[PDB]
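Structure, as structure tokens:
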């Protein structure tokens, strides 16, 4: 089982720097699960392989074009260029991320994030993940 | 400045493995800022070199061996033999640290804490921190 | 060698005026020999420096204050005030010289005296000493 | 009251140095009291003025010459030359002080003493007078 | 004997010092014996006594000596009358406090070893607490009479600065006395210091008249 | 939980007046789910007891057949009781040796509620911590305050004295107060006010006037 | 409890030192409490303790060290053991009681205990202290006795070699006939002065403990 | 007075007879007062006294007479040889006080007296009872040492014979060679059980009390 993490600036709160954890299996596109926290509360959603083939047909690029896309826009492997703006509303739970790469906007991303209950056990799960990780990586 | 952290198990809640950050200046002895959290809420406190050397006398040890204990204990650099147990009461903002091994249950320390107003704020703080590190530990 | 003598009142025979000779080396503290005689018989004893500092420590006075008091008690070098009082049992040798002052009786020392076998010789001795003493003293 | 003391070498005990004290009022011939001591026991005798004139006749010397001879004999005012020797018998009590000079036994002044009751008292007396004396002659 | 206790309560407290430690105590002495009360502010110690033992331990140590006890108690009565002066040392073992007093007394040495037991509770009451409590409440009552007095003068110049229609030089124009705000300002600025035990010195210096007056009360 | 943890607070806890058949003691109490800390007295001797969960469960099941239950619960129950400051309440107390036994009985859903409290004499150290030190401290502080009041009073004095030597007069001829005198105040107070005021009694004139100060001196 | 006292009567005497004052004693430890009997030659002290006071006092020198009772005596007993058969000691005394001062470590940490003894019971100074000693003395008299008779027997033998057999010896190993009274005297003049010398109770322990128990258990 | 204590120490102990018990003791008398130390093998009592009381109590129990001190003391002096002079003796135990009553007849004319005893100070039991006893033990040890070495010396003479021969005379009369250990072990089996006879101190007093006399003045 695989995963990664990083920060982003929501447009709704360019104040609070929210956080993102994306877990998969082998390749990003074997399907994946996503989680977005503010520190206090925590949200999360599912994403099949089916809905990604469908987003790649709904945009009009290859399955492998769109892929590199979320490879960067999301897993903090964006470019120098590549200017992303992310968008969530907790009255929505709907999360959608607006790629941007010139005036102005485009989009790309959009799926149902439902709100976990125990922000807490998450926040701790994450933190342990970074523990064992930072140690494993000074090893 | 300096920072290090650890994962504990307060004995009021063995299910919810809590977490402990210590931040000092040059050497822990200089005095330190400690903070303990569960995920939802966050608790903070100060322990100036004043009360460090103070307690170090109270326990009739070398002001050192003491701090060595606050190194195996409050910097998870614990020797795999000594067993420590922390405790806190949320209704009694006092955090007391018992050094342990072959109960009895000797002792070691204890100071009052508190709750900051933005447990979140802090949380985000440290998340940032460790990001910055493991990152500048995969560049290094 | 040196010497000095004085008259006393044994508190056993307050009518018969007994007499006390004391002879030493340099300072009275360098050890000394003592003599007490009534005219018929004669007693003598030896008190080394060892027991001067010994009794001086026993009382807890300095070696130099104890020597002062023993230069006011056994050398008739007593001021116009202090009321020393000596005590001797001609049966138990133990001559203890006590001080008395202001309703309180204490003491100051105590020694074991022998019984010389020739009181006469000793007497003719002291006497001769006195003779040469007033001859040479009217020679000055 | 008047007095004076000296030492003589008894002929029966040339090792033991005996002692002689003579007391009187004004002139030695006025009549005098004599006391001889060996240290333990004592002897006391009188010599009245009529036995002074008397013996002064028996010999045939003038009362002024004989008087010179006893003021040189029994008062240690002996010229460097004249050699007096004294004799006593604790058996007879007959004490004769004789003068010796040029290989002939001359003689002179005789008298009878007696062993007294309180030799101790006598000795204490002498020692006291000698104390008062030397004291008086350092005060002078 | 019993009177020793009466006079004992009749006496205020004072400060001392012996080999770094510095005790507090009260004492009473007549010719029979004495009554003593020493403490280091955690546990109190106490020894009452007569003639028998003052002569006994007035013996042990000080051998040579021989005297009537009423002389001893008088001696130390002079020593401690004006330490409140030779020297002292303090030993601590068991429930007890041994108090070593060293002094001359006209030449010859002489010193004593107070055998102190752990003070009787009832005593801790009679001497320590009740009296203290009383002092406290009294002081409070002084605070109230002073409150009403202050407000009274406030009434006088509140009749000079309105009803008289006059003004001031404003160099001595004081503030309307608020008891409450005064209580908080004092219990934030002045309280952290005004209630300083330390060694028991700020007590014997500022409150022996109140105490003495309240324990005879 | 280093037990004592209790104690502590206990202090930042203040006294308070009770009532019984033959006596009416004073005390202070501290209750967390661990155990409890207790300090009583009748103005002659001091008593004390700190108890851990275990004994609570035991002794508690002993005295109480009617019910049974968990440790925590019990302790909670006890903190239910203000001290009028008006509800149920049945108290008694009996003294044996020097470890007085305090008998309690109250409702709690028509199943009343009994208890055997176990107080020994309070170690010296403690009767110094809760009792002596804070008291003496009080004395000192109160002295100080009397001082600040002397200075404020003399300030008012200087104001009215620059008012009455320079052109101002009274409207109500009666608000004319007296200059000021500290010595005379202390004396008139020490013959006309001291014999009351300073009255022990039932510890009542204490917990009703000087509590705030006590606590302020026990926390600092 | 009882058993404690029992075991105590078994344990012999040894040497110590603290603040230089050197005391001696006997101690018995099992879970539940200890038996202690100290002495500074010229005064006997004693303290019996059960669990209760172990627990109570033990957390008053250590206002935070909350421990099981029966564990204290485990440690204590353990250090006393290496010493007699890592620490710091002191001793003080006043009035009627001896306060013993145990200021040691456990492991890296500090531990502090105070022994509150009081002048030892008369009957104890009887059972532990004297009766046993008097026994040692009588018995020793027995030993000098039998050694005496045997010395005389060997004497009869050598005097049967040196008169009846009419033979001679090298004269370098020629001993003088044994005179028990001349012995006793010459020894009570030449050797007596310090053979008995108590010292710090040290000459006693090393030398005569074997017998002390050879009589105190009997 | 005081120096009586001195003399007391110098005096040895001995055995007496009574109705309930029978005690040991030592005592010293002058024309000033007395010093006394008794004990029943469990606890020790002691009393020192001057003229005043001698006279007062003396008159009290003796409605009959009226003497001075001196004589009095002197008469108690006439406790003739510990046993057995020819005097009746009675003993009572109450409080920390042993009362000891006595009846005798100076000139076919009855006398009545009684001793008031308290329990003996520890320090005292150390001076008279303990230290000297221990000393006796050590010394006695040394004695056994010199006796062992003498034994082996004799053994070296007779062993200067044995190898170069001679043959002896009354074949049997030769004693076995000396072993120091194989004696102490057959002594602490055969002879030790009774060698340390506490009994009533009556065994102590003789040999052991004399050796004691040897000890105390030291």
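Residue numbers (the entry's author numbering), protein chains in the order written: chain A, 1 to 139; chain B, 1 to 140; chain F, 1 to 140; chain E, 1 to 140; chain G, 1 to 84, 92 to 224; chain H, -1 to 83, 90 to 224; chain C, 1 to 85, 92 to 224; chain D, 1 to 86, 93 to 224.
Don't be surprised by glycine CBs; every beta carbon is placed ideally from N, CA and C.
Asked	Found
Identified DSSP bridge partners for residue 122 of chain H	H/105
Nearest to residue 138 of chain H (by Cα), restricted to the options H/183, H/175 and H/10	H/10
Backbone secondary structure at residue 135 of chain A - three-state DSSP	helix
Beta-bridge partners of residue 14 of chain G, as assigned by DSSP	G/25
Short Cβ contact (8 angstroms threshold) for residue 39 of chain F with residue 124 of chain E	yes
Which residues DSSP lists as bridging residue 5 of chain E, in chain order	E/21
Buried versus exposed call for residue 64 of chain F [16 or more other C-beta atoms within 10 Å across all chains shown]	exposed
Nearest residue (CA-CA) to residue 52 of chain D, options D/217, D/32, D/81 and D/214	D/32
The beta strand (DSSP E) enclosing residue 34 of chain F, as first and last residue numbers	32 to 37
Through-space distance from residue 179 of chain C to residue 168 of chain C, alpha-carbon basis	13 angstroms
Close Cβ partners of residue 56 of chain F (< 6 angstroms) along its chain, the five nearest in sequence each way excluded	63 and 66
Chain G within 8 angstroms of residue 57 of chain F, Cβ atoms only	no
For residue 133 of chain D, the nearest candidate out of C/153, C/41, C/113 and C/12 (CA to CA)	C/41
Length at least 3, wholly inside the stretch 24 to 74 of chain C: the beta strand (DSSP E) runs in chain order	24 to 30, 33 to 39 and 44 to 50
Same chain only: Cβ atoms within 7 angstroms of residue 98 of chain C, ignoring 5 sequence neighbours per side	105 and 107
Sub-8 angstroms separation of residue 43 of chain B and residue 101 of chain B beta-carbons	no
Which residues DSSP lists as bridging residue 130 of chain B, in chain order	BP columns for residue 130 of chain B are empty, so no partner.
Partners in chain E for residue 137 of chain F, counting only beta-carbon separations shorter than 7 angstroms	134, 137 and 138
For residue 174 of chain C, the three-state DSSP class (helix, strand or coil)	coil
C-beta contact flag for residue 111 of chain E and residue 47 of chain E at 8 angstroms	yes
Residue 57 of chain H versus residue 39 of chain G: straight-line alpha-carbon distance, rounded	38 angstroms
Cutoff 8 angstroms: residue 219 of chain H Cβ touching any chain G Cβ	no
For residue 167 of chain D, three-class secondary structure by DSSP	helix
Three-state secondary structure assigned by DSSP to residue 104 of chain F	strand
Under 9 angstroms by beta carbon: chain G residues contacting residue 107 of chain F	63, 64, 65, 66 and 115
Residues from the stretch 127 to 146 of chain G in contact with chain J, defined by Cβ distance under 8 angstroms	Considering every chain present, this structure includes no chain J. Its protein chains are A, B, F, E, G, H, C and D.
Other residues of its chain near residue 52 of chain E: CB distance less than 6 angstroms, five sequence neighbours each side excluded	29
Start-to-end residues for the alpha helix (DSSP H) that takes in residue 50 of chain A	50 to 59
Contact under 8 angstroms by Cβ, residue 186 of chain C with residue 193 of chain D	no
Pairwise C-alpha distance: residue 5 of chain D and residue 69 of chain D	19 angstroms
Environment of residue 99 of chain F [buried if 16+ CB atoms lie within 10 Å]	buried
Cα-Cα separation, residue 44 of chain H to residue 14 of chain G	25 angstroms
Within-8 angstroms CB hit, residue 200 of chain H to chain B	no
Residues near residue 71 of chain A by beta carbon distance below 7 angstroms, same chain, minus five either side	28 and 77
Straight-line Cα distance separating residue 176 of chain H from residue 166 of chain G	8 angstroms
Min CB distance residue 71 of chain G to chain F below 8 angstroms	yes
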